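One chain comes next, on its own, written as structure tokens: the form solved without ligand 72V.
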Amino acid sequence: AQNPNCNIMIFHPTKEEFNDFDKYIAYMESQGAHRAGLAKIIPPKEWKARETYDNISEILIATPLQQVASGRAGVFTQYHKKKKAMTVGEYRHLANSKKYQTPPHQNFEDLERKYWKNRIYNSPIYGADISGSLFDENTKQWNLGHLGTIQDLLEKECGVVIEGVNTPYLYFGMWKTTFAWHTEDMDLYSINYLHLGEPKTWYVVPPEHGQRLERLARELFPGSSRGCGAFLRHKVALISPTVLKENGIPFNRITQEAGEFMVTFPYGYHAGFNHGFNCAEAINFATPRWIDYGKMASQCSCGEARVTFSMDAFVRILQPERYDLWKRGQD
């Protein structure tokens, strides 16, 4: 078996290898990349997402989110307080202000230490889930707005035609902005391109060990667990690497820098934080191997999760027994 220790693998495709997206994902899996839950892909030197990022300041962040923490330094939840709209130019200025700017630090490890020590005492503002793309329409390779759709994948694999669309989302981050422990909707893959700015550090649990993380989460957030059998779907819980280690949870970590792609694999729990002002673009996607994960994906039916229109068809076709209960949750 390839990659039995479930290490995060890093790939350096040639420009020829970068032509066929599906083929390269399959190649990465043939090398065991999926066992980690996360892979890094460094694009060939000849490739670029777009010409420059000089003209992005007028993009609107309609609903910036202030991420307010509760709990202890290594075990906390965050809730999102809506703030007034601001442009990317305004957001960048805010990120760089004394209140929000990245502190002096020696290296990524030093910054990681500072993050886990001090995150809860601040409330950074995140521009998340903004529908759009920064890939040039003429970028033919690994253009996140030009991927085969999940609806077409489901149709190709299972013969059923379904409604729904899936398009990319932009994320504008600043120091300490945080993504909580989660897998993707319907345990899909995700792909994330860091377009510009400071790094993003990721933590990931191998898919074969996801239930170990779930069990610890139930222990650490007992009220939340009683409220919902899939409360990690709410995307609000954080657990530090120190606490994971103390509890014997298998995980890995890696830092993504501008110009790099990360792929998360079905049922690969991940969490992380931004180092400073940055912009990432991400989208969910599927492959034939995903179908079995989609069929088995846990669902939130307590009403907290609240998912996109397109998830309806996924649950309806892949999980017909769960559909009625889940749909009651959406309404």
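From 1 onward, residues are counted along the sequence shown.
Unshown form deposited with ligand 72V bound; subsequent notes refer to it.
Novice: For the ligand-free chain shown, place ligand 72V by superposition of the C-alphas around its site using the coordinates in the bound PDB entry, and mark the site blocked if 3 or more ligand atoms sit within 2.4 Å of backbone or C-beta atoms, otherwise open.
Specialist: Judged by the transferred pose of ligand 72V in the bound PDB entry, this form is blocked (3 or more ligand atoms within 2.4 Å of backbone or C-beta).
Novice: Does at least one non-hydrogen atom of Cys300 fall within 4.5 angstroms of ligand 72V in the bound PDB entry?
Specialist: Heavy-atom contact with ligand 72V at 4.5 Å: present for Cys300.
Novice: Considering non-hydrogen atoms and a 4.5 Å limit, does ligand 72V approach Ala36 in the bound PDB entry?
Specialist: No, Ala36 stays farther than 4.5 Å from ligand 72V in the bound PDB entry.
Novice: Using 4.5 Å between non-hydrogen atoms, is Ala305 touching ligand 72V in the bound PDB entry?
Specialist: Yes, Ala305 is a contact residue.
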